[PDB]
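Working notes for the structure below.
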Amino acid sequence: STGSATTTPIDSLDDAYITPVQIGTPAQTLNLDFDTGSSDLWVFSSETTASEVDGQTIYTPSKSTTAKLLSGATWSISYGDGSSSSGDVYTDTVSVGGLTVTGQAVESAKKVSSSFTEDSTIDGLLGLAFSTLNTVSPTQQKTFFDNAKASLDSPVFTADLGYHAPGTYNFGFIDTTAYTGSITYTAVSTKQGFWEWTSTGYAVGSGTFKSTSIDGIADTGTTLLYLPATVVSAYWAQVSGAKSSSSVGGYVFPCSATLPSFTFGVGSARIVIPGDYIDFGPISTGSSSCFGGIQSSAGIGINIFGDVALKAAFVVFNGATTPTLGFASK
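First residue of the sequence shown: 1, per PDB author numbering; consecutive thereafter.
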């Protein structure tokens, strides 16, 4: 089997991407944030505290003939940005782009934090990291990909995120028309539950490539690119007037600037992030100070290749017995 679904930016800044997902019988379609940095599929639901729902589409298990309460099971998750959610668990049929899993754990939110309530476009998350991070207790549950894997033509999914435009998540096959050149594969460590890999270095604009190992995660659920302070300083030093602002919470730059590109290494290959991808616009409406798309990972504890990086590439998440990651230009 295979599946193919279009993923769409939630706003003009590509802050996140939503992908339609069919849950239950008859289908209830919710727009979920596919997140390679977590491993819970959770939804706004009929059980979500009413004051914490503001425009989202909800899953109502009582209207699905295939929903079953997973008795005794609860979940609770906290994300790197400080947001959180928790609730109980159903199993139900879940389909993404024509690919169907029966018996998928669908984590129903009883509580969500402010940032989720305030984002009316995101109806939940679909985690695509390794199932070892799944938070369901007392019986840990598998991700959608993990459940689908055996049935897939090939044990892979791919992320093809757009810059200010729709893109695609594919399951079970590699679309050879979706990228240019060759795909370069690189080793993955699953020790922390993430798609963790080591970049071979970076360049700023037309500058010379610096060979240096940068360990990080491929995370579709993180908006920006978070890298070591040394790397980030070298980038922003090439933008007149750029500075790190404690009050704003990172690097800002004059909105009148033209940003240089940023290149990262994948083995001997290179992925180029155009400068425009690194512009996240005014810090506040009408401001001439703009927020940068490359930020320091210092104090996160991990480097994160988020959407800024990943949308510059066609990315293969290979869930074979020995997992790997592949990157191609497009």
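Where a beta carbon is used, it is the ideal one built from N, C-alpha and C, also for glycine.
| Query | Result |
| --- | --- |
| Considering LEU99, what are the terminal residues of the beta strand (DSSP E) in which it resides? | 99-112 |
| If you run the structure through DSSP and keep just helix, strand and coil, what is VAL231? | helix |
| Quick one: what's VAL21 bridged to in DSSP? | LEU30 |
| What residues in its chain sit with their C-beta under 6 angstroms from that of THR186, if we drop five residues either side in the sequence? | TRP197, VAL266, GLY267 and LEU325 |
| On the three-pair Cβ rule with 8 angstroms, is the region 224-243 touching the region 194-209? | yes |
| Would you list the one or two residues that DSSP bridges to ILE183? | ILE183 is not bridged to any residue. |
| Of the choices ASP119, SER108, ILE300 and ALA234, whose alpha-carbon is the least far from that of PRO260? | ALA234 |
| Out of curiosity, what's the CA-to-CA distance linking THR285 and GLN140? | 43 angstroms |
| How many Å lie between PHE264 and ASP119 at the Cα? | 31 angstroms |
| Taking only three categories from DSSP, how would you classify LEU325? | strand |
| Per DSSP, which one or two residues make a beta bridge with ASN170? | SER4 and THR158 |
| I'd like the ranges of any beta strand (DSSP E) spanning at least 3 consecutive residues and lying wholly in the region 243-269. | 243-245, 250-254 and 262-266 |
| Where do the ends of the alpha helix (DSSP H) carrying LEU310 lie? | 307-310 |
| Taking the C-alpha atoms as reference points, what is the distance between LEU126 and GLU47? | 18 angstroms |
| For the putative contact between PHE157 and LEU128, defined by C-beta atoms under 8 angstroms, what is the C-beta separation to the nearest angstrom? | 7 angstroms |
| Going by C-alpha distance, which of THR100, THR222 and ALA298 is nearest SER1? | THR100 |
| Could you give the distance in angstroms between the alpha-carbon of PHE44 and the alpha-carbon of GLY98? | 22 angstroms |
| Should the region 144-151 be called in touch with the region 81-88, which here means at least 3 C-beta pairs below 8 angstroms? | no |
| Look at the alpha carbon of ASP14 and the alpha carbon of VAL308, and state the distance between them as a whole number of angstroms. | 9 angstroms |
| Name the two residues that bound the continuous alpha helix (DSSP H) containing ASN147. | 144-148 |
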